[PDB]
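In: fold the following, please.
(2 chains)
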There are 2 protein chains.
Amino acid sequence: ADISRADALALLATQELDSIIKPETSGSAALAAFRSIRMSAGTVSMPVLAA
Amino acid sequence: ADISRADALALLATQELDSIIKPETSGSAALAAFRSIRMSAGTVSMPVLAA
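Out: Numbering: from 1, shown residues only, chains lettered A, B, ... in the order given. Next comes the structure:
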């Protein structure tokens, strides 16, 4: 007779990884590529040459 | 009659290499390549982002 690992299973320590496994993150390609303006009004009016 | 090489055999010098003929050793590719953590528990639980 001896203490098997099954007999001592309730005594065994646990460890948990300190950090989450996740993919890398990235921002919009649009805000990276294009010029942007601060809008103060909820609409900006833009004049375009037509003819 | 003459002194044969067998008649003088007990008087002959000897010489030995200073070292053993052996191949090069090399480590595990696994421990060389991949990151490792210290386990303290025999099992570690790892959380993974899923959605």
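
In: which residues of chain A lie near chain B?
Out: A:12, A:13, A:14, A:15, A:16, A:17, A:20, A:21, A:22, A:23 (C-beta under 8 Å from any C-beta of the partner chain). In this view, the C-beta of every residue, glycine as well, is placed from N, C-alpha and C.

In: okay, the residues you listed in CSV with neighbour count and secondary structure next?
Out: Supplementary listing: the residues of chain A next to chain B in CSV, determined by neighbours: other C-beta atoms under 10 Å in any protein chain shown; DSSP: H, G, I helix; E, B strand; the rest coil:
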residue, neighbour count, secondary structure
A:12, 10, coil
A:13, 9, coil
A:14, 10, coil
A:15, 14, strand
A:16, 10, strand
A:17, 12, coil
A:20, 9, coil
A:21, 10, strand
A:22, 10, coil
A:23, 6, coil
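
In: can I get the residues you listed in CSV with distance to residue A:42?
Out: Compiled in CSV, the residues of chain A next to chain B are given as follows (distance: C-beta to C-beta, whole Å):
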residue, distance to residue A:42
A:12, 61
A:13, 59
A:14, 54
A:15, 53
A:16, 48
A:17, 46
A:20, 38
A:21, 42
A:22, 36
A:23, 35
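
In: which two in those are spaced the farthest apart?
Out: Distance extremes for the residues of chain A next to chain B: the farthest pair is A:12 and A:23 at 32.4 Å, using C-beta to C-beta.

In: sounds good, over and out.
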